[PDB]
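Start at 1 and go down the list; that is how both ligands and their atoms are numbered. This chain uses plain numbering: 1 for the first residue, then up along the sequence.
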Amino acid sequence: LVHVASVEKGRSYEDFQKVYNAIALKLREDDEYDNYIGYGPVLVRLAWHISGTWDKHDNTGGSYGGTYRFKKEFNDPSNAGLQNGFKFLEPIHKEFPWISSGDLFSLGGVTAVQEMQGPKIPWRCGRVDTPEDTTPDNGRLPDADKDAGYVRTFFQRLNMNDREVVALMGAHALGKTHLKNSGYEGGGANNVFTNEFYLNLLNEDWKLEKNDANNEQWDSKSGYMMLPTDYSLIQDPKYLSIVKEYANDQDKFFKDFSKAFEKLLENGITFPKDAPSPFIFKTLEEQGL
Ligand code: HEM
Ligand SMILES: Nc1c([N+](=O)[O-])cnc2ccccc12
């Protein structure tokens, strides 16, 4: 199964920078969302969930086809709460109707990471909307009540190795869990992209507790939480080494996360040899906007 990137007709870097800027301005404007976290974290989660359906064995799922727009995927219990990110992007899509849905959902994650002071994430255009029958079934996204061996095996289907897994999980510094969405609660209100997930894993005094949904999660008195799959990264000795590496090297984490997150958003896509090079968008702050 081959998905060839096809640039939206006549469009170039400046077109996509305009889309980036509209998302970034809206992120700034809609500050109240989720107790003043803003939409950044949910947009990162959205970009990950639309990509994380991918199966390297047959190239089903993945970001290319924009299939999150269809009810079967929109309504995946694993996607509960992402409707907020979709609604945020609706007016952006109306302003720029020429962008494909996969391009918009993935660009929303890039824009969110960068506007939250994260690394630059190079981004390529050319995902093309595919039909409703190409929507992957529910159940391809990961469970949170699982150990390190589950995490490791799960991510092999996305062609991610231990370093890529631990780097990607650093996005869990952002935002929070919501009981009604996932059966987990808490995490704070962070909307700045840092390596603090790793520092918190190593430095907080974690207690294994049951939440109001009767699920176990790790809580600290300082008010952080870790999912069982987050805490697995310090239970497994191979993951632990990499956690320590990122807790001690902000720049290395940024570089590794940027590579892994681009790769995640591009899995499944064939880029022609004469496709444009990846775009690196300027933040609003870099543009004086
Ligand atoms: C084993 C893998 C993972 C599991 C089990 C997992 C699970 C979860 C769960 C249960 C939530 C809370 C959803 C809610 O209640 O609203 C969440 C939130 C989030 N996840 Fe993950 N996740 C995983 C990997 C990732 C990755 C790879 C990324 C992106 C690189 C990511 C980014 C986020 C973000 C940013 C949020 C916060 C959303 C918000 O504040 O609304 N997650 N994740
Ligand atoms: N804030 C978070 C933390 N945290 O360390 O506060 C840990 N795990 C999370 C998983 C999903 C969303 C937010 C998380």
Task: Atoms in ligand 1 with a heavy atom of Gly175 nearer than 4.0 Å - done: 40 (O)

TODO: Identify, by atom number and element, the atoms of ligand 2 in contact range of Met226, meaning under 4.0 Å from any of its heavy atoms.
DONE: 5 (O), 7 (C)

- [ ] Would you mind running through ligand 1 and noting each atom that sits below 4.0 Å from a heavy atom of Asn181?
- [x] 14 (C), 15 (O), 16 (O)

Task: Under 3.5 Å: donor-acceptor pair, side chain of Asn215, backbone of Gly183 - done: yes

Task: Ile37, portion touching ligand 1 at heavy-atom distance under 4.0 Å - done: neither

Task: Spatial distance of atom CD1 (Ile37) from atom NZ (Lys176) [nearest 0.5 Å] - done: 6.5 Å

TODO: Please step through side chain to side chain contact (heavy atoms under 4.5 Å, CB included) for the pair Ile99 and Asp15, ending with a clear verdict.
DONE: CA-CA 9 Å; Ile99 194 168; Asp15 300 278; over 6 Å; no

- [ ] Under 4.0 Å from a heavy atom of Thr229: give me the atoms of ligand 1 that qualify, with their elements.
- [x] 5 (C)

Task: Shortest protein heavy-atom distance from atom 19 (C) of ligand 1, along with the residue and atom involved - done: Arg45 NE, 3.6 Å

Open item on the list: Parallel, tilted or perpendicular: which one describes the rings of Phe105 and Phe86, with boundaries at 30° and 60°?
Closed with: tilted

- [ ] Could you tell me the residue and atom name of the protein heavy atom closest to atom 29 (C) of ligand 1, and the distance to it rounded to 0.1 Å?
- [x] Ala171 CB, 3.6 Å

TODO: Give the residue and atom name of whichever protein heavy atom lies nearest to atom 7 (C) of ligand 1, and the separation in Å to one decimal.
DONE: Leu227 CD1, 3.6 Å

- [ ] Mind checking whether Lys146 contacts ligand 1 via backbone (N, CA, C, O), side chain (CB onward), both or neither, at a 4.0 Å heavy-atom cut-off?
- [x] neither

- [ ] Would you check the N or O atoms of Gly175, main chain and side chain alike, for any that come under 3.5 Å of an N or O of ligand 2?
- [x] yes

TODO: Consider every N or O of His172 and every N or O of ligand 2, then say whether any pair is closer than 3.5 Å.
DONE: yes

- [ ] Report yes or no: do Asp256 and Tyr246 form a side-chain donor-acceptor pair below 3.5 Å?
- [x] yes

Task: Electrostatic pair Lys207-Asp219, nearest N-O below 4.0 angstrom - done: no

Open item on the list: Below 3.5 Å, N or O to N or O, backbone or side chain included: is there any such pair between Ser182 and ligand 1?
Closed with: yes

Task: Salt bridge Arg124-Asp103, side-chain N to carboxylate O under 4.0 Å - done: no

Open item on the list: Below the 3.5 angstrom mark, is there an N/O of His172, backbone or side chain, next to an N/O of ligand 1?
Closed with: yes

Task: Atoms in ligand 2 with a heavy atom of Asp230 nearer than 4.0 Å - done: 7 (C), 8 (N), 9 (C), 10 (C)

TODO: Answer yes or no for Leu174: is there a heavy-atom contact with ligand 2 below 4.0 Å?
DONE: yes

- [ ] Mind checking the CD-CG spacing from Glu216 to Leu227? Nearest 0.5 Å is all I need.
- [x] 12.5 Å

Open item on the list: Quick check on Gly188 - does any of its heavy atoms sit under 4.0 Å from an atom of ligand 2?
Closed with: no

Open item on the list: Taking distance alone, with N or O pairs closer than 3.5 Å, would you say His178 contacts ligand 1?
Closed with: yes

Open item on the list: Taking 4.0 angstrom as the limit and counting only heavy atoms of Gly187, give me the atoms of ligand 2 inside it, by number and element.
Closed with: 1 (N), 6 (O)

TODO: Check each atom of ligand 1 against the heavy atoms of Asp143 and keep those under 4.0 Å away; list them by number with element.
DONE: 5 (C)

Task: Ion pair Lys26/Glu115, N-O distance below 4.0 Å - done: no

TODO: Name the closest protein heavy atom to atom 3 (C) of ligand 1, giving the residue it belongs to and the distance to 0.1 Å.
DONE: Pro142 CG, 3.8 Å

Open item on the list: Using only atom types and a distance under 3.5 Å, with no angle test, would you say the side chain of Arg157 pairs donor to acceptor with the backbone of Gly52?
Closed with: yes

- [ ] Flag the pair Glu164 and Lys259 as a salt bridge only when some basic side-chain nitrogen lies within less than 4.0 angstrom of an acidic carboxylate oxygen.
- [x] no

Open item on the list: Please check whether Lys176 reaches ligand 1 - meaning an N/O of the residue sits under 3.5 Å from an N/O of the ligand, judged on distance alone.
Closed with: yes

Task: Of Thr135, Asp137, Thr67, the residue whose pairing with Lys72 passes side-chain hydrogen bond (donor to acceptor under 3.5 Å, both in side chains) - done: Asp137

Task: Atoms in ligand 2 flagged as close to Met225, the criterion being non-hydrogen separation under 4.0 Å - done: 3 (C), 4 (N), 5 (O), 6 (O), 7 (C), 8 (N)

- [ ] Could you tell me which atoms of ligand 1, counted from 1 in the order shown, lie closer than 4.0 angstrom to a heavy atom of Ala144?
- [x] 5 (C)

Open item on the list: Could you work out, for atom 28 (C) of ligand 1, the closest of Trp48, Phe261, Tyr33 by heavy-atom distance?
Closed with: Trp48

